[PDB]
There are 2 protein chains.
Amino acid sequence: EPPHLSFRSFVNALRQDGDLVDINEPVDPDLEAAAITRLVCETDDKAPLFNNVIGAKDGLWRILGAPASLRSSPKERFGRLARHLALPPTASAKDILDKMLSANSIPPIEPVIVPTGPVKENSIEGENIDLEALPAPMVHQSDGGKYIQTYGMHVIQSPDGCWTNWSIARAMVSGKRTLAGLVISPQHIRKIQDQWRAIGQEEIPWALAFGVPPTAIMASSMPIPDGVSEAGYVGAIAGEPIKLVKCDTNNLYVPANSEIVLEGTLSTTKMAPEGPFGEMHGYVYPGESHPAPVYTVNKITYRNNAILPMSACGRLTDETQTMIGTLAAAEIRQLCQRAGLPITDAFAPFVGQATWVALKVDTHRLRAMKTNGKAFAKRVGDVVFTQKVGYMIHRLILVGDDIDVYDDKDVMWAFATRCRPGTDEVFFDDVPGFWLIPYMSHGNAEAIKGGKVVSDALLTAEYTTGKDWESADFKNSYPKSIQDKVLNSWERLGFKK
Amino acid sequence: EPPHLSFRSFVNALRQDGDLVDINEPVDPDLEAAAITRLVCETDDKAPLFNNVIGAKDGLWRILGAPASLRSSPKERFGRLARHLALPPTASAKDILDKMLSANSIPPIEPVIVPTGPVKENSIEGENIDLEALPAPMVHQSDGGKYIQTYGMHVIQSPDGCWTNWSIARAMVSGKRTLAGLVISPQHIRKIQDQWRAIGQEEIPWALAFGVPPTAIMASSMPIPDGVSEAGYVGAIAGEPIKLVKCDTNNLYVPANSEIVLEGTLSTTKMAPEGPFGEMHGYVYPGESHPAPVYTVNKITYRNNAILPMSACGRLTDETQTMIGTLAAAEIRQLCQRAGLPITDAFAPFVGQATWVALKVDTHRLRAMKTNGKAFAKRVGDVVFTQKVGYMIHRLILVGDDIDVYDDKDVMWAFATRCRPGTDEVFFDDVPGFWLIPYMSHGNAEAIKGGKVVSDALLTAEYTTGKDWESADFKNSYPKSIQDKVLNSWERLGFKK
Ligand SMILES: CC1=C(C(=O)O)[C@@H]2CC(C)(C)c3c(C)c(C)cc4c3N2[C@@]12C(=O)NC(=O)N=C2N4C[C@H](O)[C@H](O)[C@H](O)COP(=O)(O)O
Ligand SMILES: CC1=C(C(=O)O)[C@@H]2CC(C)(C)c3c(C)c(C)cc4c3N2[C@@]12C(=O)NC(=O)N=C2N4C[C@H](O)[C@H](O)[C@H](O)COP(=O)(O)O
Ligand SMILES: [K+]
Ligand SMILES: [K+]
Ligand SMILES: [K+]
Ligand SMILES: [K+]
Ligand SMILES: [K+]
Ligand SMILES: [K+]
Ligand SMILES: [K+]
Ligand SMILES: [Mn+2]
Ligand SMILES: [Mn+2]
C-alpha cells in the first residue's frame with residue numbers, strides 16, 4: 001500500500017527520503033522522547049523513530065516523533081506533509097492545501113469494509129488493560145499527565161448513524177482504563193457528544209486510532225463541514241476507498257492498517273482533571289488542570305511492531321502550526337468564495353503561531369465592487385469570525401495579489417507598511433474567542449468572547465484605480481536585461497550561488 | 001588611522017575580513033551597480049567595491065555598495081556595522097547600540113583641526129563642476145534622478161555658529177551645479193534651515209562629505225539630542241578626536257580623510273522637483289516627484305582613487321533598516337529610562353521594516369510600580385510618540401524579560417500570543433506620523449498625523465504576581481539533565497550539529 005494509505009508505508013517513505021532517524025539506543029518516554037522530538041521541530045531536522053522505548057512490553061510500542069513537521073532543505077520544506085498526500089517532496093504549501101480542498105467539489109469515495117487487517121494482529125481486553133503501565137510519553141515536564149493522544153484520530157458517530165466524525169483532540173492517561181481529553185465547542189466531537197447527552201446516552205461508542213493512513217490524519221485535522229463524514233472526503237482526496245475494519249467491542253469502523261486502536265466509550269456525565277498541556281501557542285501553565293470528559297478503554301488492538309505517533313507541540317515548528325492553522329486557512333478561503341468575497345488564496349503564517357490568516361485579494365474583482373477597506377474588512381470578519389472554521393483565528397490580514405500569502409516575509413512586509421494601525425483595522429468584541437490563547441484565558445477581558453481583528457493591508461488605491469507603486473527590490477526595480485547580466489556574472493564576480 | 005576613523009581603512013578591513021568583493025570589470029552606474037548591491041542586500045552577501053565605474057574620470061569615482069548591510073554567517077551577522085565602531089565582527093546588535101549610546105553619559109571629545117588631509121588631494125571648482133557628467137548611480141529604475149547622496153553626511157551649522165549638525169538625508173543630481181534632497185521636519189537639517197530662514201539668509205553654507213569616518217556616519221544616522229554637535233559625540237564614542245579640515249570656499253569643517261566633499265549652499269527659498277525614490281519601507285511611486293530644497297555645489301575636493309559609498313535601499317536588508325530603525329530604538333530605550341520607565345533594551349525588528357520597536361521590560365521593577373497594561377501602554381506612547389526619536393516609529397511592542405527583543409521570532413511570538421488585538425493596544429491619533437510610510441501618505445487618513453499604537457504584549461500576571469507559565473520549548477519544558485543527555489547524544493544518533 002502507498003505511503004498516503006498506510007502509516008507503516010509512510011515511515012518507510014521517510015526512511016527512503018533520508019528524512020528519518022532510527023534510534024535503537026533506549027529512550028525514556030518520560031520526557032526524553034519528547035525532548036528529542038521538540039529539538040527536531042525547533043531545528044527542522046529528520047523525524048525520530050524511537051525503536052527502543054524504555055518500558056515497552058508485549059509489542060507496545062515504538063514512537064514516531066514530528067510526523068508532519070518541516071524539513072530544513074528549502075526546496076523540500078513541506079516534504080513530510082507531501083508524503084501524507086501522494087505529492088512530490090518539493091510540493092508547495094499551496095499544492096498541499098489545494099489537494100486537501102480538492103474533495104470539496106467531487107463526490108465522496110465511500111470506505112470499503114474488510115473482515116480483518118494488520119490492526120487485528122494483537123489485543124488486550126477488559127481487566128488486562130493498564131494504561132498507566134504502557135509507555136505513554138510525558139511530552140512536557142509540567143503536563144498534568146502522560147499525553148498518549150497527540151496524533152491519533154477519534155472516531156465518533158451521531159445518534160442517527162449518518163455522520164461518523166474523525167478528528168484530532170488531545171487526551172492523557174487518567175487511570176487504569178480511562179483517558180481525559182479536550183472535548184470543546186465548537187469541535188465536532190463536542191457537537192456529537194452534546195447530541196448523545198440530549199437523548200440521555202451515558203456512554204457513547206468511541207474509538208481512537210493511532211498511525212492511521214496519513215491522508216486520514218490530515219482530514220482529521222481539517223474543519224470540513226458539519227455532518228460530512230471524513231472517511232468519504234479522505235477517499236476523494238486519495239482517489240480510492242479507505243479500507244475499514246469493524247471494532248471488536250462496538251459497531252464503529254477504524255482503518256484496517258492502523259498501528260493501535262483503543263475501543264470503548266466517551267462519557268456524557270463522567271469528568272476528570274485534564275491538563276495542563278504544552279499547547280499549540282507555545283505555553284503550559286503548571287498546576288492548571290480543568291475538568292474534561294472521561295474516555296473508557298475496553299479493548300486495545302494493534303499491529304506487530306506497533307508505532308505510536310507523537311506531536312511534541314509548542315513553539316515553532318510542529319504539527320499544530322503545519323496542520324491546524326494552515327487547514328483552517330484553506331477552509332476560510334473556501335467560505336470567503338462561498339460568500340462571494342474576492343479571496344483567491346489563504347495561509348496561516350508561522351510567525352502568527354496559528355492565530356493569523358493572510359487572505360489574498362483578487363484586486364481586479366475588488367475594484368469592480370467600488371468599496372473601501374473599512375467596509376470590506378467589516379464584511380470579511382462578519383463572515384469568517386461567526387463560523388467554526390474561523391474560531392481559532394484572531395487576526396485576518398487582507399493583502400493584494402502582489403503578495404505571496406505562503407511567504408511569511410511578504411505578509412509581514414504588507415502588514416507593517418500597508419495597514420495603518422487602528423485606522424485600517426476592524427475589531428470584533430462580540431464573536432467567539434479562542435480561550436486557549438494566553439491573551440484570552442490569562443488576559444484582560446472575557447476569555448471566550450472577542451479579541452479579534454481584520455487588518456486591511458491593501459493600500460487605498462488598490463480599491464479604486466489600482467496599484468501605483470513598484471517594490472524597491474531586485475525583482476521589480478531593475479529591468480530584465482540588467483537582472484540577467486547580474487545573475488549570469490554573480491558567481492564569476494565572487495558572490496555565493 | 002583605524003577602520004572606525006577612516007573610510008579607506010574600513011574598506012581594507014572588510015577586504016581583510018573576506019567581506020568585500022573587488023569588481024575590476026566595467027560596471028555601469030546606470031542601474032547595474034545598484035542591481036548588484038540590491039541582490040547583495042537581499043542575500044546578505046559580501047559588500048561590492050566597484051573599482052571600474054563606467055564614466056569615471058580623474059579619480060571620480062569608485063563605488064562601495066551595501067556599506068552597513070548584514071553578513072550571512074549568523075555569528076558575524078552585524079560584522080560590517082561592528083567594523084564602523086571598533087567592535088569585533090561577532091558583536092551583538094546590543095553591543096552596537098550600547099556603543100552608540102555610550103557618548104550620552106560622558107563629556108564630548110571635541111574635534112581637532114588639521115591644516116590639510118587626503119580629501120584635499122584633488123579639486124574641481126565653480127564652472128568646471130558638471131554634476132550631470134559624474135558617474136552618479138541610478139539606484140532604482142523608477143527614481144526621479146541619480147541619487148549621488150545615499151550614504152554621505154550633510155554638514156550644516158546654526159546661525160550663532162555653536163551647533164554643527166551631521167546627518168544623512170537623500171539627494172539627487174538636479175542640474176549642472178545643483179542637488180535636490182529631503183529636508184523634512186523634525187530633522188535637525190530642517191530645524192537649522194528654518195533658523196537661517198527666520199533671520200533672512202537665502203543660501204546657508206553647507207558641505208556634504210562622502211566616505212567619512214565610519215563612526216561619524218553612524219552618528220549621522222542617529223537622532224542624538226537637539227543642539228548637540230555630532231563631532232564631539234563621535235569623539236566620545238571613538239575615545240579620541242575626529243581630525244577636521246576647513247572647507248576651501250566656506251567656514252565649515254569636514255573630516256580630513258573624507259573620500260569626496262561637496263562645498264556650497266542649501267537654499268531657504270528655492271525648491272526643485274525631488275524623487276521619487278526607492279525608500280526605506282521598500283516602495284517607489286513612479287512619476288511622483290515633490291518639491292525639495294536646492295543645494296548648490298561651488299567646489300568638489302576628493303582623495304586620489306575616491307570611493308562614493310551607496311545604499312541601494314528598499315526591501316530587507318540594507319542600511320535604512322540596519323541603521324535608521326536600530327539607532328532610533330537605541331534613543332527610544334534611553335528616552336524610556338530617562339522618563340523612569342522600566343525598559344532594559346529596545347530593538348527595531350527587521351520584519352517591521354523600521355516602523356516597529358520592541359521594548360523589553362524589567363518585570364521585577366514593573367511589579368514594584370503596581371500598574372496595569374492599559375495605563376502603562378498609554379504612558380509609554382505619551383513619552384515616546386511626543387519626541388523626535390519616536391517620529392519614524394508607528395508601533396511599540398512591550399514584552400517581558402523572557403523575550404529576546406533582538407530576535408524577530410521571539411518578538412512576533414510574544415506579539416501574536418500576549419497582545420489581545422484592540423483590547424491590549426492604545427492607539428495615538430494626535431501625534432506626528434511619518435508620511436513616507438505608504439499607509440500614511442497613500443492611506444485613508446491624515447498623511448502627517450496619527451496612525452500609531454502601543455501593543456501591550458505583557459500577560460496580565462506580569463503586572464501583579466509574576467510569570468505563571470513555562471514555554472513549551474526545548475530550553476524551558478525539559479530539565480537540564482534531559483537537555484544535556486539529548487545534546488550529548490545528538491550527532492551520534494544521526495541529527496545535524
Ligand atoms: C487545540 C488542540 C490542541 C492543543 O493545542 O492542546 C491539541 C494538540 C494536538 C493534540 C497536538 C493537536 C494536533 C497535533 C492537531 C494536528 C490538531 C489539533 C490538536 N489538538 C487540539 C485539541 O485537543 N482540541 C481541538 O479542539 N483541536 C485540536 N486540534 C485541531 C483539530 O483537530 C481541528 O480543529 C479539526 O478540524 C477538528 O475536527 P472537526 O471537529 O472539524 O471534525
Ligand atoms: C528617511 C530617509 C530616507 C528615505 O527613506 O528615503 C533616506 C534614505 C537614505 C539616504 C538611504 C538614508 C540612510 C542610508 C540612512 C542611514 C538614514 C537616512 C536616510 N535617508 C533619510 C532622508 O532622506 N531623510 C531623513 O529625514 N532621514 C533619513 N535618514 C535618517 C536620518 O539620517 C536620521 O533620522 C538621523 O537621525 C537624522 O539626524 P539628525 O537630524 O537627528 O541630526
Ligand atoms: K518500520
Ligand atoms: K442525530
Ligand atoms: K476533521
Ligand atoms: K490599508
Ligand atoms: K581600496
Ligand atoms: K545625526
Ligand atoms: K497583554
Ligand atoms: Mn468533522
Ligand atoms: Mn543632530
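Indexing begins at 1, ligand by ligand and atom by atom, following the structure's order. Each chain gets a letter, A, B and so on, in the order the sequences are listed, and its residues count up from 1. Hydrogens, waters and symmetry mates are skipped; everything else that's a heavy atom, side chains included, is used.
Of the heavy atoms in B:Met222, only backbone atoms (N, CA, C, O) come closer than 4.0 Å to ligand 2. Residue B:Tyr147 does not touch ligand 2, judged by heavy-atom distances below 4.0 Å. Contact annotation: for B:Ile224 versus ligand 2, there are no heavy atoms closer than 4.0 Å. Using a 4.0 Å cut-off between heavy atoms, B:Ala328 makes no contact with ligand 2 at all.
Considering backbone and side-chain atoms alike, B:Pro223 places an N or O below 3.5 Å from some N or O of ligand 2. Residue contacts with ligand 2: B:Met280 is placed with a nitrogen or oxygen under 3.5 Å of a nitrogen or oxygen of the ligand (distance criterion only). When only interatomic distances are considered, the shortest N/O to N/O separation between B:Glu230 and ligand 2 falls below 3.5 Å.
When hydrogens are left out, the protein atom nearest atom 23 (O) of ligand 2 is B:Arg170 N, 2.8 Å; that is the closest non-hydrogen contact. In terms of protein heavy-atom proximity, atom 11 (C) of ligand 2 is nearest to B:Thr150 O, 3.5 Å. Protein heavy atom in closest approach to atom 38 (O) of ligand 2: B:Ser167 CB, 3.3 Å. Atom 40 (O) of ligand 2 has as its closest protein heavy atom B:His188 N, 2.8 Å. When only non-hydrogen protein atoms are considered, atom 41 (O) of ligand 2 lies nearest to B:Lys388 NZ, 2.7 Å. Nearest protein heavy-atom contact of atom 19 (C) of ligand 2 is B:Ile324 CD1, 3.9 Å. Atom 27 (N) of ligand 2 has as its closest protein heavy atom B:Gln187 NE2, 3.2 Å. The closest protein non-hydrogen atom to atom 33 (C) of ligand 2 is B:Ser221 O, 3.6 Å.
In this structure, A:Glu425 CD and A:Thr423 OG1 are separated by 8.5 Å, a value rounded to the nearest 0.5 Å.
Between B:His281 and B:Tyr439, the ring centre distance reaches or exceeds 6.0 Å. For A:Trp413 and B:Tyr283, the gap between ring centers is short of 6.0 Å. Between B:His84 and B:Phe10, the distance from one ring center to the other falls under 6.0 angstrom. B:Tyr151 has its ring centre no less than 6.0 Å from the ring centre of B:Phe210. For B:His394 and B:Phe385, the ring centers are positioned 6.0 Å apart or more.
Considering only residues two or more places apart in sequence or on other chains, A:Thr371 meets the side-chain contact (heavy atoms from CB on, under 4.5 Å) condition with A:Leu366, A:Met369, A:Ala375, A:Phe376, A:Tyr463.
Residue-environment remark: CD1 (B:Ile184) exceeds the threshold of 12 foreign heavy atoms within 6.0 Å.
Taking every heavy atom of B:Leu182 and a limit of under 4.0 angstrom, the matching atoms of ligand 2 come to 23 (O). When each atom of ligand 2 is checked for a heavy atom of B:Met392 under 4.0 Å away, the hits are 27 (N), 34 (O). Below 4.0 Å from some heavy atom of B:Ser220 lie the following atoms of ligand 2, by number and element: 32 (O), 35 (C), 37 (C), 38 (O).
When distances from atom 3 (C) of ligand 2 to the protein are checked, no heavy atom turns up under 4.0 Å.
Nearest-residue assignment for atom 30 (C) of ligand 2 (options B:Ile168, B:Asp226, B:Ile437; heavy-atom criterion): B:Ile168.
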Worked check of side chain to side chain contact (heavy atoms under 4.5 Å, CB included) between B:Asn165 and B:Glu230:
CA-CA 6 Å; B:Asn165 198 257; B:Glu230 277 79 7; 3.1 Å; yes
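Around the K ion (ligand 6), protein N, O or S atoms at less than 3.4 Å number 5.
Side-chain contact between B:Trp163 and B:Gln157 is absent, with no heavy atoms from C-beta onward closer than 4.5 Å.
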